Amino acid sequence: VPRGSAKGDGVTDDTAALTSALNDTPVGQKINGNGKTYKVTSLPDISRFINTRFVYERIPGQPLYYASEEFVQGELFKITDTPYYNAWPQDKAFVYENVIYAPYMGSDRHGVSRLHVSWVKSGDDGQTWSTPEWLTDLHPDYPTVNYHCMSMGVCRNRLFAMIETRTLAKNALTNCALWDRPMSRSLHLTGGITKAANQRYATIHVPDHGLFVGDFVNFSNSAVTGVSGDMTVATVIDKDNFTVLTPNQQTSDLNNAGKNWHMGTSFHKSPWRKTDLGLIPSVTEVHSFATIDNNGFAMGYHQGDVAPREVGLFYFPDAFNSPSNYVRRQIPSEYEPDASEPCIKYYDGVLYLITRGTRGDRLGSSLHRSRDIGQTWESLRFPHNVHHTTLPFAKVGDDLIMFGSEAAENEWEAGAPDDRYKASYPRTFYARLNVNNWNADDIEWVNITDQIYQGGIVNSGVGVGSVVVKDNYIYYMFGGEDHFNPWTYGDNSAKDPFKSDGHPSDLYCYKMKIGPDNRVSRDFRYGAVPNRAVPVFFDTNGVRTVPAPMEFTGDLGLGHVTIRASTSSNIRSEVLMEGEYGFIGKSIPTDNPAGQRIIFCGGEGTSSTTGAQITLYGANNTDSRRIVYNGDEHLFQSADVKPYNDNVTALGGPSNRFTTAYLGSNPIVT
């Protein structure tokens, strides 16, 4: 009887052959699939394979693909590890001057409670990531409302973001505002600065500077007197020219032609421009961002609270001169039901849009392309009711490369019921779609990594991400959980992130190679003490020292405290108390309440031999509310020594007589 060899054609049932091979081979051998796809009836021990893809119909009629290690050149990274509920990169990520930005929202739930629009960044092509940065503060009217953002990008050297205001009670949208800020850049330029004689303003030529009046600009080596150091834009002449006010004037014209200098900009020292758009009608969420040209961009949106549902985009044709002017453009009505959160991108004059499907029992995600910024569209429906995921994407060559994630295990397929309130391992997929062929019937979703859905609450932070390309790599930034329960059902219904393990949702990045890497590897194993967030150095005396300024906003308990010399040429130690008032008080002692007091002293110890003392006694002291003032002089300056009330308290007592009173005149007795 003949056997029985694996065909790897995606159609022959290779289950038996692979089973035989696994049974016959040592467990530590890596079985090489030679880049082929093997149809099976159940997934085998995938860990024993390299360079293999499996095709499997968990649900009959719905083949999905599963990648062994090394089949794809890619790797998953964990990129945040914070106690906040960290999710929703959707759809905000971008690359700027070699830095990869993964914006997200850190909250305590699916909602805007405790929420800060945030980002982490990578300056090493995704190997390591920065300390989280808050981009927004809590709204001035917290806790009634707070901010929210799913649309962010860059246009002509400025960050643009749709900053939404929503209710904590219901996550209801109350306001839409466009916020923008110049991106920080160093520019190394030649020529372009002029300064007319006998007046103080200088004209700076910087093409597509993206700056507005009041924005920060720093200058070095200008060779134009007064154009130096930290400055601000005084006027904007046009898109390529601006002026600054210098502190001085010269008797001849100045012009730095041929001279090499440096500028200049700062996100952090420039204000946001905030353009109120009000409560944009028929909008549930603004989501995703597509830079169109030097002047503007599009943002996605959907309306999904009332009939009929809308899905489309808002095009801001000139966001520089006219931030408040946009045009609503919808996808074809056929594709709007059961759809939300479109991802949009613009390439080579084509605007591509992919929806999220809302139900696994109705037609789901669809793809659309337009050559007129959304006025007309060509469309396609992904098979099998793709749902619950956004599908962020990029175009690389002739392919859209899209990524998605089920929110919990076994929800991907059409007809698959939601399976929440239990821990699971949700599948993350990618697919390629060739734009010339324009047909998704034979789309191949390849599971490349599995996440965890914790199960302690119905909601999942898994997926809902964002995609960028940098050089020859594509990046999918997205949410995943771990098995640590947030205890929402339990002792932390309030959702305090700083109790127990806080919230399990954190960010991940799948880094996938999409073209040749013509350099030797940059990869390293991280072996350092992470020393950016709280920078610690063992001083010469052997004590951990933190030189960075820091804010501790949570309640602190301290032990022995020494306040060191710090202020006014280090002449003094200094504590400053804010608020309307400060209060320094004394707890009720647990063991000896009768001793309750604070001793204040001008010297080094509790003995009053060391300095003048004032001792405030607490109510619980045996000597209740006593004050003892103990110095070798008591000198009352600038004012009379008075009793608070009139004719109620005395100077001295029968057992506490003053020896006398030195007066400039007799007592005034009335």
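The first residue of the sequence shown is number 1, and the count goes up from there.
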Residue range whose averaged C-alpha B-factor is higher in the record, 94-102 or 299-307:
299-307
Per the entry, higher mean C-alpha B factor between 361-369 and 528-536:
361-369
Largest Cα B-factor, entry values, listed residues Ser266, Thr80, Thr235, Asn472:
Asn472
Kindly indicate the residue among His503, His560, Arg522, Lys422 with the greatest C-alpha B-factor in the PDB record.
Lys422
What third of the chain does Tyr56 rank in for C-alpha temperature factor, lowest, middle or highest?
middle
For the chain shown, is the CA B-factor of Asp555 in the lowest, middle or highest third of its modelled residues?
middle
Looking at the entry's B-factor column for C-alpha atoms only, identify whether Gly605 ranks in the lowest, middle or highest third of its chain.
middle
For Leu651, the third of its chain by CA B-factor is the highest
Quick tally, chain-level thirds of C-alpha B-factors: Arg626 sits in the lowest
